[PDB]
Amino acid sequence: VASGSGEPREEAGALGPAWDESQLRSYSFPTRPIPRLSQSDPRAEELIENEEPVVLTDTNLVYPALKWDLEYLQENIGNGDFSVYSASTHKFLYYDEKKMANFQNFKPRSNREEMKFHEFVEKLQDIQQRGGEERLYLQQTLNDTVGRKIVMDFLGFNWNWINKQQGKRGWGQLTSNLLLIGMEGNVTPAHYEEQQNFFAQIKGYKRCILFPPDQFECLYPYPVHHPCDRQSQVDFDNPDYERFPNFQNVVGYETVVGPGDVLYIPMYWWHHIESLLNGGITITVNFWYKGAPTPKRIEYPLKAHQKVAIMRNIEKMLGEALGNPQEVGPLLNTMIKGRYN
């Protein structure tokens, strides 16, 4: 019942288990499995409607990308610039560069380096070459500049299905598709997005651990003006229970996606994403959508994500009102101590 990702799935044509338990990292918290359903299954329609996660096994959302691999992409993706993140550890914490202004005591552990696709493949094979410890992760919005055959591939994605989805949910506009290419063992640590996300797995296997928005108290996001806004301050590998005591109460929904799977990551749901160990490279394309307009007007009791949105807006205005994001905390403290605690 704290199964996790369940027994590993058996590949078609007796090809043996897709992955195994020892490819998964181990954590301090328990998990229940996210359900894997067919896109035609009413229950999957329920889950998305109710903004609960679900793994859709047969959407064909990115059917033409399933052939993609580094050789094909290097060949066909064009000469555009690609954002590539570097790291010394397996954890790729991300930094909003616009926000680094107002936090000096903040040095990166993951630098963005712009480079052509072939320089990526090259760097990858230079590192592989000599068993170097360092790691990379390419993450780049698909756009205009992309080669003829990638565009045909892109156009062949299942727009009919995902557009119906956008329509049934009242979502706003598709904002971006991010292309993610990772090395085995890479972790994008726990964070949340404000958009809705269909996360479409193309190559390799990723374990995705999700936490609902009502676990805000257990996951301790950075301050909103901090560059790691929306990310957990907790190190999943070495959790500091003195600073983050509610982490001991955290409960995840967990799954492993492979080629053809689409994971619905609902708005404000925390997610932690790791490419399996010794699984090779992973490739994923996501689909971010705005999110249905806010209701006219509120109906109580508020949803967890609505309380989160409120906390964000309080922090923001207080940043503005005080003239300085650094004064947000002392003010809030002064507001609560001996008054509301």
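Numbers for residues come from their place in the sequence shown, where the first is 1.
With 162-170 and 267-275 compared on mean CA B-factor from the PDB entry, the stretch scoring higher is 162-170.
Comparing 133-141 with 152-160, the stretch with the higher mean C-alpha B-factor in the PDB entry is 133-141. Going by the entry's values, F103 shows the largest Cα B-factor out of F199, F216, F247, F103.
Per the PDB entry, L93 shows the highest C-alpha temperature factor of the residues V224, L180, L93, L210. Ranked by C-alpha B-factor against the other modelled residues of its chain, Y27 falls in the middle third.
Per the deposited record, the Cα B-factor of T334 falls in the lowest third when ranked against the other modelled residues of its chain. When all modelled residues of the chain are sorted by CA temperature factor, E299 is found within the highest third. The deposited CA B-factor of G258 belongs to the lowest third of values across its chain. Among all modelled residues in its chain, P293 ranks in the highest third by Cα B-factor.
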